[PDB]
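# Structural description and commentary
Here is what each chain is made of, one letter per residue.
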Amino acid sequence: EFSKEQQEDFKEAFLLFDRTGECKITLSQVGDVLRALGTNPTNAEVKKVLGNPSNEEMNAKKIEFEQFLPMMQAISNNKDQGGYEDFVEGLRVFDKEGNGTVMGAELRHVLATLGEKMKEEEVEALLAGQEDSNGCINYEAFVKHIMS
Amino acid sequence: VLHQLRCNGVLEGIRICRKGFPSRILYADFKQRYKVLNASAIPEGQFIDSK
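In the PDB header, cryo-EM is given as the technique by which the entry was determined, and 10.2 Å as its resolution.

Structure representation (C-alpha cells):
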C-alpha cells in the first residue's frame, strides 16, 4: 500500500495532467505521469499492466485519480528498472577499443535503430554536446547526465 | 565431403570430444565477453581475480 505522502505526491502530479478540469487524465499520458514521478517505464511496461492505448493516441480511455494509484504501485514500483551497472556493460558491447568512447553516429544509431526506437528529435534533445574531433562521446558521462 | 569425413575419422573425433568437455574458455575471456548476461550476479568493480 502507498503512504499518505506518496498519495499526495501522485495526486500533485495528477492535478496537472487533467488540465481540462475533469478530475481525469487521458490514458495516453499515464506513462509520462509515471515519468513525471521519477520512474522510468518502457513502452512495453506502459502498454501491458499500465493499460495504455497506442503510442501518441488520445481519446480512447480516461483514468480517475483512485484508478491511477494501483497503476503506480503494481507497475514500475513492482519491478527492476535498471541501474548504472546495466548501462555500462550494455554500452561496452559497442566499445570497440576499450577507452569509454563510442562514436556519436553509433550511439545515435543504437538509440534510433534498436529497442523502443527514439525519434531524432528526442536524440538531439538529450545530447549535451559532448563530441570531440574524432575523440567522440564519453558514454559514462552520457549515462551519468541521463541518470541525474 | 561427408563420405571423406566418415572414412578419415573426423566424425569420430567430434563424437569423442562430446564425451569430455570440448569448449575451453579463459576466466578473463568468459568475464569480458559475457558480462551482459547476468548484471544481478556479477557485482561491483571490486570483483577482480575473475575466478
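## Digging into helix 8 (residues 139-146) of chain A
All names here are of chain A. Taken together, the buried positions of helix 8 are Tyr 139, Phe 142 and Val 143. Within helix 8, the buried residues cover an arc of 95 degrees as seen down the axis, which keeps them to one side. On its buried face, helix 8 sits against helix 5 (84-91), strand 3 (101-102), helix 6 (104-113) and strand 4 (137-138). Capping the start of helix 8 is the job of one residue whose side-chain oxygen sits 3.2 Å from the backbone nitrogen of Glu 140: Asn 138.

## Description of a nonpolar patch on the surface
The grouping of A:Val93, A:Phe94, A:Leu114 and B:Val36 at the surface amounts to a nonpolar patch, some 340 Å² of accessible area in total. Exposure remark for A:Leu114: the relative accessible area of 44% places this residue in the partly exposed category.

## Details of the state of the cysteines
Each disulfide consists of one covalent bond between the sulfur atoms belonging to two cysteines. Residue and element names in this part refer to chain B. On inspection of all chains with the given rule, the structure shows zero disulfides over all chains. The thiol sulfur of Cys 7 is not disulfide-bonded, and the nearest other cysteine sulfur, from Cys 17, lies at 19 Å. Residue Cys 7 is classed as exposed on the basis of its relative accessible area of 67%.

## What to know about a negative patch on the surface
Together, A:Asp80, A:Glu85, A:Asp86 and B:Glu44 make up a region of like negative charge exposed at the surface. Here A:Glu85 shows up in helix 5. Given the relative accessible area of 40%, A:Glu85 is considered partly exposed.

## Some thoughts on the interface of chain B and chain A
Each partner contributes residues to the interface: chain B has four residues there, and chain A has four residues. Together, the buried faces of chain B and chain A total about 370 Å²; carbon and sulfur atoms form 59% of this surface. Among the residues of chain B in contact with chain A, B:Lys35, B:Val36 and B:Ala39 are the three that bury the most area, contributing 78% of the side total. Remark: the boundary between chain B and chain A carries one salt bridge. A salt bridge links B:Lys35 to A:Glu89; the nearest nitrogen and oxygen atoms lie 2.6 Å apart. Counting every contact that joins chain B to chain A gives one residue pair in polar contact. Considered class by class, the residues forming the side of chain B that touches chain A number two nonpolar, no polar and two charged.

## Remarks on the environment of B:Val1
Residues and elements named next belong to chain B. Counting through the fold element by element, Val 1 comes out in the segment before helix 1 (2-7). In this structure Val 1 comes out as exposed when scored by relative accessible area, which is 72%. Along the backbone, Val 1 and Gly 45 are 44 residues apart, and their C-alpha atoms lie at a distance of 49 Å.

## Focus on the packing of aromatic side chains
All chains considered together, the criterion is met by three aromatic pairs over all chains. Between A:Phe14 and A:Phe68, the aromatic rings sit 6.4 Å apart at their centres with planes inclined by 35 degrees, giving tilted as the arrangement. Taken together, the residues span a long stretch of sequence, with A:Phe14 in helix 1 (residues 4-17) and A:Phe68 in helix 4 (residues 65-73) at a distance of 54 residues. On the numbers, 5.4 Å between centres and 40 degrees between planes, the contact of B:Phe30 with B:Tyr34 is tilted. Placement of both B:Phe30 and B:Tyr34 in helix 3 (residues 27-34) is noted, with a separation of four residues, approximately one turn of the helix. Taking relative accessible area as the criterion, B:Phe30 reaches 52% and is therefore assigned exposed. Here the aromatic residues A:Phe14, A:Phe65 and A:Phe68 are joined through ring pairs into a cluster of three or more.

Thresholds, definitions, all that
- Residues numbered from 1 in each chain as written, not as in the entry; some residues may be left out.
- Chains lettered and ligands numbered in written order.
- Part of a larger assembly, values for the part shown.
- Heavy atoms only, no water.
- Buried < 20%, exposed > 50% of the residue type's maximum accessible area, 1.4 Å probe, protein only.
- Helix = DSSP H or I, 4+ residues; strand = E, 2+ residues; numbered from the N terminus.
- Arc of directions from axis to C-beta.
- Contact = heavy atoms within 4.5 Å.
- Polar contact = N/O pair within 3.5 Å; in protein donor to acceptor, adjacent residues only side chain to side chain.
- Patch = residues over 30% accessible without salt bridge, like charges linked within 9 Å, V, L, I, M, F, W, Y side chains within 5 Å.
- Areas by Shrake-Rupley, 256 points an atom, 1.4 Å probe, with all protein chains shown as cover.
- Salt bridge = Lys/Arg side-chain N within 4 Å of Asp/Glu carboxyl O.
- Disulfide = S-S within 2.5 Å.
- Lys, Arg positive; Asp, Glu negative; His and termini not counted.
- Charge placed at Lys NZ, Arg CZ, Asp CG, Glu CD.
- Buried area = accessible area lost by both parts, 1.4 Å probe.
- Nonpolar A, V, L, I, M, F, W, Y, C, P; charged D, E, K, R; others polar.
- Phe/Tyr/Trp six-rings, centres within 6.5 Å; stacked < 30°, edge-to-face > 60°.

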